[PDB]
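I have placed the structure first, in the form of structure tokens, so that the comments after it can refer back to it.
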Ligand SMILES: O[C@@H]1Cc2ccccc2[C@H]1O
Ligand SMILES: O[C@@H]1Cc2ccccc2[C@H]1O
């Protein structure tokens, strides 16, 4: 438990610009748009801005306005932001990012969540926030040994909240952070008072009977899963099997690191022509910079290998889980890469206290739609309070 | 159709050495060996040799001892080696490499196949060789448009053989070259006299009854397929879906390009502790240099996208093909990444005339075991002459 500040040596930035200037670009097949990955023309334009335009020092300053700390847990370094609320009886909540994200995703929602009185919110709806970097990611950095899977991350987090003195807290996440949050609600069930996910997958049974009566939208959600498996799972299959092989090119090549990550902001964000439709280029590059500067493309990929058996890329599906009794909030963003079927969600989670279908935004909710994210999490906190005393 | 010679600008070599010198290495998780991909200590040592000891000019010299040509077919550049036998009666054969291989794989089998008299062979077993670079690969280079799938590549080859004046020829391949050869045997059935593959997958139906009576060795071969899908197919899934995203890092980073390729030489070769157990490092780096210097990591990856529908990684597993009538030779190398169950192969190919189970070697047969490969192909020629 020691204070932490991001201080990037100028030498690292000079090296980055050296590499950018020396980029060797591939050929392309014309007329294929985004269908086979990041198009050449777009990436050239974004790289030009990255090299001459993007301001890391300002991003660095902004990140450093948030209190950060590091601490060692279960043999590994855990970096985390901790922002105390301006209001007494605030709900402690630990928010977890996923891949290819980072703690930078949450910069625009931290102040409205923790200080609602200064952002037109109700003081009754305040949060204390703990926002940790996943082991292997960003400023937490590489893990030293095998075995950092969902329950090991969850146990680390429970220990983090214990050290911080939160005996009662909620958990929140999207992407892999949602899976970690759901896992933690079981692992630390004595201390977790509620769970909110903005990403939820509900696979079908495989029995054509459980589809009876489902409407067009729910059937389309199931189709989205199948499409993801067929077409969108490439990154997941390679990171879950040979993350180290992949890591050499992503650690050596900043354009390669950028393409690898920015593709997902295009495909999973609420976009039309460009990833910048949903996330502006400074935020896009700041997130990529956290991967690049900490050189965590590979260590973050190893997470997928550790949890390969519970991914959709698993050979055989994991056995059906017993119901998770955690009071649950679900937020469904319309451009997300996967969306839950409520009938199926009701079976797996008997205590849903909050369900919202939002009007806009994709996979990176806090970053894409901070206003909606904040309003939704407040309504979840209100629903939690309501469900506990009635 | 014009003569071709490899002449790499010095500036490209200077650029490569600058990149190698400036390599930024990743973290590792110690003690995981090769289980999660190419280990850090090994690759640092290989890159050291690449930078300090490897001699591209000598490799370039050896490649250029092979007569090579380029020609435009169906809108794309096609590079190929063409080596005539001194025996006029020789069997013409087109040999196709796969991924992450190249025409450099066959340097040690060319003279024995085309001049058997000087290399322990019978003049009756001579070949004329045509050894093309796949469209999108090596010195053929990037294709200009969508659609270069197996039938389109096969058609291009039939056209190449027609242009060379070969109205009767055999086809040979491993990896994707075997799939291309099998496709070509159907596409140009009039002119293909026989097909030899040193790579063949035989998927089970999924009906438990079809496994009845199979010995433990054949059951293990089927399980090899399952293991490949589960753990070995990462490169195939990303190249078949987002090859262009992948291409940026592989085209910009020589250590990345090296890791991406050399992993398969470890996993698919007859290896123990190192890929150099099966293929020495000069040959390994020469093959990688062909990808690096032609900047074809991306365009070679696009081939997988074009054929995604027939891969193991397909959205829906491809329906079992009807039987193919081509006279077929099959060579099974014991360390290969996949190996056929003969009972199943003979249902898919009712005219198998040659079946060899070799006792050494993996996926890169001509490169790993040139002696075994030459003997087997000569045996195949003899099987074709005495059965048809
Ligand atoms: O968008 C992706 C869809 C999916 C499915 C399972 C786990 C994670 C994820 C996301 O990364
Ligand atoms: O790339 C090859 C294609 C394939 C198909 C089945 C098993 C292994 C393999 C690979 O060795």
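For neighbour counting, all protein chains shown are included, and Cβ atoms are generated from backbone atoms with ideal geometry for every residue, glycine included. Throughout, read-outs are computed from the coordinates displayed, never taken from laboratory work.
Values as computed for the structure displayed
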quantity	calculated
Test result for residue B:345, away from ligand 1 (no atom under 16 Å from the Cβ), part of a loop (DSSP other than H, G, I, E, B) and surrounded by 17 or more Cβ atoms within 10 Å (Cβ to Cβ)	no
Of the criteria (1) touching a residue at least 24 places away in the same chain (Cβ under 8 Å); (2) within 12 Å of chain A (Cβ to nearest Cβ), which one residue B:59 fails	(2)
Residues of the range B:310-351 satisfying the condition of being more than 16 Å from ligand 2 (Cβ to nearest atom) and under 14 Å from residue B:178 (Cβ atoms)	B:324, B:326, B:328, B:329, B:349
Top-ranked residue of the range B:263-280 - restricted to ones that are touching a helix residue (DSSP H, G or I) at 6+ places or on another chain (Cβ under 6 Å) and assigned to a helix (DSSP H, G or I), ranked as surrounded by the most Cβ atoms within 10 Å (Cβ to Cβ)	B:265
Residue under evaluation residue A:204, criteria (1) within 16 Å of ligand 1 (Cβ to nearest atom); (2) crowded, with 21+ Cβ neighbours inside 10 Å, criterion not met	(2)
Qualifying residue in the range A:230-237 (condition: within 16 Å of ligand 2 (Cβ to nearest atom), in contact (Cβ under 8 Å) with a residue 40 or more places away in the chain and within 14 Å of chain B (Cβ to nearest Cβ))	yes
Residue that is surrounded by the most Cβ atoms within 10 Å (Cβ to Cβ), among those in the range B:90-144 that are within 16 Å of ligand 2 (Cβ to nearest atom) and within 14 Å of another protein chain (Cβ to nearest Cβ)	B:137
Candidate set: the range A:312-336, residues that are under 22 Å from residue A:266 (Cβ atoms) and within 14 Å of another protein chain (Cβ to nearest Cβ); chosen: the one farthest from ligand 1 (Cβ to nearest atom)	A:313
